[PDB]
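Residue numbers (the numbering used here): 57 to 1774. C-beta atoms are modelled at their ideal positions from N, C-alpha and C, and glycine is treated no differently. Have a look at the structure below, then the notes.
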Amino acid sequence: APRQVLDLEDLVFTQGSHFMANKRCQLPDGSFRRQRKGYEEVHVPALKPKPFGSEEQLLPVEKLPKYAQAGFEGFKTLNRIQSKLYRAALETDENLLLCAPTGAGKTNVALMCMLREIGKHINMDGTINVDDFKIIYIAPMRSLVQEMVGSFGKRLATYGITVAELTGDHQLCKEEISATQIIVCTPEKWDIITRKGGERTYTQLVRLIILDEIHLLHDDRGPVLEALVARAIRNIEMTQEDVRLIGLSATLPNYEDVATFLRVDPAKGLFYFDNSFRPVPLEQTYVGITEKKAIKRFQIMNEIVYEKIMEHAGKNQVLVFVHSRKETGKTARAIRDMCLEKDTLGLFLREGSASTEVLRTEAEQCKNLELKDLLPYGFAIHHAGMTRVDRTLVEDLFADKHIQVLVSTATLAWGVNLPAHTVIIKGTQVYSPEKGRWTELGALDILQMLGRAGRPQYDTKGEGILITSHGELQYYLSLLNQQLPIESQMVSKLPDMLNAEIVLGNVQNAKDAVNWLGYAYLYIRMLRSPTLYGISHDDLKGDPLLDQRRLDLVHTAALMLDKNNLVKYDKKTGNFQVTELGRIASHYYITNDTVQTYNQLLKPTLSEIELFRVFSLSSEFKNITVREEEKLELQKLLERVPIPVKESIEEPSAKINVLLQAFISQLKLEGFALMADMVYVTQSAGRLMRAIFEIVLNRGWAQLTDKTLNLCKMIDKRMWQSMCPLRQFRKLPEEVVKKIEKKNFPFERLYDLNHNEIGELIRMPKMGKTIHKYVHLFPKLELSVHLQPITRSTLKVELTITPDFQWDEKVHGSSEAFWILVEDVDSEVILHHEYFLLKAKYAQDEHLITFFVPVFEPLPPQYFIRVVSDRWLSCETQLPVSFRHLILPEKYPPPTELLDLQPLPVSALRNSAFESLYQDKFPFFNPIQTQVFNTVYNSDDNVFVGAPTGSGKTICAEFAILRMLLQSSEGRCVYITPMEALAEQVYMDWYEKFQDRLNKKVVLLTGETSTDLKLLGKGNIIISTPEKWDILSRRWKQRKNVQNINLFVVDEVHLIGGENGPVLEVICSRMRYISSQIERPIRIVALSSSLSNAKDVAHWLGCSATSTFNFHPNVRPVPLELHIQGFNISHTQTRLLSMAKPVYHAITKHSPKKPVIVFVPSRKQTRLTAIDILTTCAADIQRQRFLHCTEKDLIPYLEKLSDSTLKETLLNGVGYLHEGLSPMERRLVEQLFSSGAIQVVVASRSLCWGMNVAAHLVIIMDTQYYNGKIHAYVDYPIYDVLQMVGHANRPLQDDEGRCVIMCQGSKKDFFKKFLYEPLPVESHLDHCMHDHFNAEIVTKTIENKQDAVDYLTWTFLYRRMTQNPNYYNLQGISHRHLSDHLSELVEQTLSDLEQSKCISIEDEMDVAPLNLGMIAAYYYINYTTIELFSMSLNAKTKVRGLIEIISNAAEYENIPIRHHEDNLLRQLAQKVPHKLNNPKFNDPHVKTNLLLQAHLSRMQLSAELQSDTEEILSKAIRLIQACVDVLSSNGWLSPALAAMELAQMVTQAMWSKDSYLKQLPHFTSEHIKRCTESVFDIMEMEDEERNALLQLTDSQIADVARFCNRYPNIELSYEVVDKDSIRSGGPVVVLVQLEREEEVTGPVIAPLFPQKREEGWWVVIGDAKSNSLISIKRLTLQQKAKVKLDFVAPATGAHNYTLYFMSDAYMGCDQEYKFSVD
Ligand SMILES: Nc1c(Cc2ccc(-c3cccc(C(=O)O)c3)o2)c(=O)nc2n1N[C@@H](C1CCCCC1)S2
């Protein structure tokens, strides 16, 4: 559409607050003019009290709601206005606009609104619900902010409510917000907060916003209120969460438009009370001065003031407002010296001089200043240059009616409520630093000042006098008489406001901006007064929505923003692109011109002089000039300030410069204009310097980062770097510090001196101890670095940060912030940086910060790591990091070239039954599959395929499997994936593709060993995870089906570089070894992500170079488009929230019509992010835009879902996937996503391996997750990210994939490295060595230290050690170094294994398995775990003790601690049978203990705790069985039996002492107390009273029936062979026999136990008195078994024994037979 560049200087209201659209001004009632020839006097009488309306009453506090009476104490009766508003405010949620006269007591109105909100959260149980809500009170003045905080604090204190001011800071704001229910603050402050884009972390709980002095709209600051409200309203649209707006305004024209602006219903929430509703009727007098001359005008003024004080003698109190703090005393002195006169009126004011209050004001002469002179006369002064004691004194003496005449500053009017009867305002002229001139006093100030006239309980009438220049009388008449119209200044600030809305992402283009302007006060005002705003009535008539004017305004502003490089704007499409300068400009609230200035002048080599100059050139200061009259003082100041102000003479630039230096130096000033200018530059200075800091930090300029950060800290602490750091402690006597400075010696030394030596050094021996204290209060960090080379271009750094200093809540508060800076050898460039927060609770703990730095092969000597405080001056530490001794890894070879072969057809596979698996899906294989097709399908040799996830590597493995099936139809193939999820997917796919169609056997290995051996027996294709195949193939010497396998396929072998990688490496190695120790070679096919060193993997696995295919990530068949989006927010919650809008924009930009997966860190974020995508969609007025079916069509599917929110989001086209959903529900959401019915799915990270789903676009929402064990957020494994990115692939539908990674900025570089380029992997087996060595020693593959050294040579470790020595901590790549290092490895491993009694070492060479080592190898348990068992187990060990011991296993170390899990585990700790002693709830072993007890009690838990419980239960059995073996091996009966009982009761999920009938499904608790029992005697199988005593389910009859046909049936015979022929010391043989009725079909049935187990039994012989286990055997039943138990007989042959038969599965099946021997 046509755009016109406007002249904005034409359309703006120049006069700002002083602008009057007003034409005439009509004076109320009778009114009159008196011409005194020095001036004219206009009188306006009080207005009469309009009679009451029908059903209207002043409303005593007793009548307003119960809970609300508190806070209103001290008030017996609500004010008239307040009474009319009390129903609207308290009983409705409607938005209100209240226009009231000055003085109307709006505080109580706002308070009623607040009390309405608070009243929802009453929480009748306790006091209040504090964390459910937040209230925001916006006030225009800092003084008023402080006042309101005090007031609301006192009045609401009864409700247990925190009310607080918001003081400008990065972090302290964040957590002081969280603790605060009522935040009081200024418009631009809340603007700065809600600009940050992660704004919702502050605003999400805000239910109420009160705008005080909303007529500020008319002021030059008004556009801030416009931005605030526009933003809030639109956000209410987008979150669908309601927020109430309350405006409070003066009585002025246009108020109905202000009502429209705030969206208040005129018939509901609009209340306008004219001046007559004022609670104290006000008489007005307007003086104005005829002509221009000098002192005569001021003399006239003083005369007016005196004449008017005189008319109130001992009668009333007079408050007089002056515009300077020195003028308070000047005028108050002038007036009482004018009171001497002819015959003195000097004290007519207290003629109550019979000493009354007269000696109260004269007893108060213990005071200071000008007060001491004035007070005994009843005169006083009030300003901000006084002190809280003197100001409180003046206020108190004026409130007690002691002080009669009080002269003061506006600060009093805003800051405290103290009305006088009479108010005189002198001159209405005030200095404005930002306008740089003297100007007419702000309208808000006049209103607030005259609002102090008359005292609500003390006065029948109030009075006020406004002394002004004669011209300008009509303005103040207009203002106070309700004729000065409220207009919109938005045109003035439009470009900055537009930029802020672009940065937030609320405006993506010109059209969005037009719609945005539609929310502004400007839109309404332009509609209703087009001519005033420069619009033709013709235009308006043809364009009622002002499309043209809005588009023009926006075009103009966008050209301005584009010019100054805050935004990229093309005039054709009208799209906007945020820039970094724009983002900083918005965030730090700096004007766009300033940003262009900084961007021009800022450079890496900028000096400090030039830095001060650049700051001085900020456009915030553009109206400042140097006056002649202040020149001299500037000169003096220039002399005492340290930084040269270069030869710029006094132009404004140098004036600003010197004023800032002087502020830093704390020089005192005289000139009032010079002082005002100083306060103005310096209050802005912190923000501006912080902006320059962020610019240069993010550009990587080290020197200027240091300078600017320093300047920030200097401006905040008001001291130069030159001075003593101890100045930053305010409690330190300043001459002690000056003493320290004058000594001239490094501050650093002070650290190492004792207090005696310190006091000695400073010549102040008395002070040495305190100074020592403060030296050690000063924040200090110690730094440790650990270098691991990754590639020739990349090093990994672990920075260990150790706090060395004493924390003080008074000094350091809740946290301390630092910057980690990684700089080059010349300290000119910041190579890496990140924010680091040291929290108070986590102090004294070490912190580990991991990051990656670039290096360049002509390697420097060193880099530098500086850790620098964000706040404190001269608080820093530097760590050199030396590259001298570094060995860069070996250059990795080029990737395999992708040759363009013809896209080979499915027919090249020559078997048609094979081709029927493919031809339906596709005609041709992709380039990766064609290039490799010959080698894998046609050859027999080992092959490596590297390629980006989604290159279709799986059917390469399928090629190999088909060839195997051609070679031998009975052949055996084993397949390995690191992930169980991957295994199950591959299982479903390959079961269909092989077992169904090709009719071979396809099996998936399970937890249990025997059934897995059985499956390995049956299997043509065997799917497994590494540990399952590990426990299987350890015994390969004795297992031939392990030996004979035709094909070994290992998938995702790059996972060797990850956690659990060592087991993968070990089993692959073992397979290579087996292959070379036997006749018929086992083939190896390895599939991987693109690896930088593929050769090492290939060689390791036996692949020739021709059989090695390693493809670069950019040859991925469906080309990927990757975008990495950085967010500089260290706080994860805030970062996540700030990602919400980028997620949506990513969807609508990169994949508007096509399917989209969004991955999020956690369960709750799935739901949240889905709901956001929902509401945001709806708020583009495009809803169901992601629903590509009819809502009706889904219903039959949605009825199958349990989750309400999921039903709702699915109705809108957005599904989600988290661990809390059932497998069915998950499959359902997947099916719906795949069919294209829903366009968007949001999945938690834990499901990324378990999703069979593809998208056009994958969005990764953050990269980090909480680790509660280290109390920190940690990064995603690169493998998870690679899989996730791999999910955007659709070869049939799409011509490309698209992926957007949104991560913390400090992480961006990392992802640019290991995503675009191929991934290096290393081995971690050298930290895992013990269990594997132990295993191979138990099978006697390692018989000695040489055997160990040779075992290592089959590993990937062996290859990588000479490739990247420094990574493994080798000091050379030589064979000498390799042999040495491997020898130390072998040595320490074998030694540790011996100390744990796992192995035996003879002659320092030979090794042998001991008992524990064999246990650990058999049950697959870590050596430290069985070592621990053997140490903690004894003859006295019981059930409780056994649970406590097994929970302490090493397997359970890896149980995670999630965010705020300590609370939930504390509550769970209170709900369990066994209390834990002083438990730490971030302890995974405590957690597993509690979850074990939880599982026994059948307590249901959160989804995460449930999955954790699953993982625990999996290995619980093997741990228990190990305890049994250890316990019996020591010959202890009772604890072993206890262990068996624990095994049963862990399997069936029931406790030790309880009804045995709980095993039967659906039976619970109080169901029946029926008989008062045993499932064996309950089943004499009857038919019986199942009707009579039960609660009768139809389904559970079938399930219980299914249980009893499974549930163990057993009877036992035994003979001890050759009874009495056995005599002492000789063999005793007890033969036991198991034969059964109702033979076995199916596994053990244990619904609550996750894995599918086998029945197993212990036949035990023991003496039940001496607690001696005399013999033991373990077996399985099936049909029949023979059981022989042999043991040695004692002397004196009368001896009595016991025979126990116990299960591992069920309870109640235990049997005992007593007997006798010899
Ligand atoms: N001009 C006054 C202002 C202006 C003003 C413009 C931009 C801002 C501002 C900008 C950024 C952040 C904040 C923040 O709150 O963090 C604030 O703050 C103010 O905020 N508070 C007061 N102001 N005047 C005083 C009274 C003192 C006796 C004489 C009459 C005025 S109280």
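In the displayed model, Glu813 falls within a helix according to three-state DSSP.
For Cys768, the shortest separation between its Cβ and any heavy atom of ligand 1 does not lie below 7 Å. Residue pairing by DSSP places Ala1142 opposite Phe1000, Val1106 in a beta bridge.
Contact between the segment 246 to 262 and the segment 515 to 526 is absent: fewer than 3 CB-CB pairs across the two stretches fall below 8 Å.
Assignment of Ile184 by DSSP, reduced to helix, strand and coil, places it in the coil class. Around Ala1202, the same chain offers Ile1315, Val1356 as residues with beta carbons nearer than 6 Å, after the five sequence neighbours per side are excluded. In the DSSP assignment, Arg1354 falls within the beta strand (DSSP E) that extends over 1353 to 1360. Residue environment for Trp572: buried (at least 16 other C-beta atoms within 10 angstroms of its C-beta). Residue pairing by DSSP puts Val1030 in a beta bridge opposite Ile1078, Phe1104. In terms of side-chain proximity, the C-beta atom of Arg198 is found nearer than 7 Å to a non-hydrogen atom of ligand 1.
The C-alpha of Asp393 is placed about 14 Å away from the C-alpha of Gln355.
Here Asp1539 is buried, its C-beta having at least 16 other C-beta atoms within 10 Å.
Separation of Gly1718 and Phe1771 (C-alpha to C-alpha, rounded to the nearest whole angstrom) is 11 Å. At a cut-off of 4 residues, the continuous stretches assigned as alpha helix (DSSP H) that sit fully inside the segment 778 to 814 are 790 to 798.
A contact is defined here as three or more CB-CB pairs under 8 Å, and the segment 800 to 817 fails this definition with respect to the segment 862 to 882. Between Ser1585 and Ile1087, the alpha-carbon positions lie close to 23 Å from each other. Membership of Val1744 in the beta strand (DSSP E) is indicated by the continuous run 1736 to 1744. Rounded to whole angstroms, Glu1710 and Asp1249 show a C-alpha spacing of 45 Å. Judged by DSSP in its simplified three-state form, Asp1719 adopts strand. Using a C-beta cut-off of 8 Å, the segment 1098 to 1113 makes contact with the segment 1138 to 1151, since at least three inter-stretch Cβ pairs fall below that distance. In the displayed model, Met1317 falls within a strand according to three-state DSSP. Here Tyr1335 carries a helix assignment [DSSP, helix/strand/coil]. When DSSP assignments are scanned along the segment 1391 to 1471, the uninterrupted stretches of alpha helix (DSSP H) that are 4 or more residues long and fall wholly within it turn out to be 1401 to 1408, 1412 to 1419, 1431 to 1451.
Under the DSSP assignment, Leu855 falls in the beta strand (DSSP E) whose first and last residues are 850 to 859. Here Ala718 carries a helix assignment [DSSP, helix/strand/coil]. Not a single heavy atom of ligand 1 lies less than 7 Å from the C-beta of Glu282. Following the DSSP letters along the chain, one finds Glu1286 inside the alpha helix (DSSP H) bounded by residues 1279 to 1290.
Between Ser675 and the set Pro243, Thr1261, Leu744, the nearest pair of CA atoms involves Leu744.
In this structure, the C-beta of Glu1560 stays at least 7 Å away from each heavy atom of ligand 1. With a threshold of 16 other beta carbon atoms within 10 Å, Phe377 meets it and is buried. When C-alpha distances from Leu153 are compared across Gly159, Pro322, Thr1628, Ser870, the shortest belongs to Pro322. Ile1180 is a Cβ neighbour of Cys1359, given a cutoff of 8 Å.
Closer than 7 Å to some heavy atom of ligand 1: that does not describe the Cβ of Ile345. Assignment of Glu726 by DSSP, reduced to helix, strand and coil, places it in the coil class. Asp1068 is the residue among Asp1068, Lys1093, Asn1097 whose C-alpha sits nearest the C-alpha of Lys1084.
In the structure shown, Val697 falls within a coil segment according to DSSP collapsed to helix, strand and coil.
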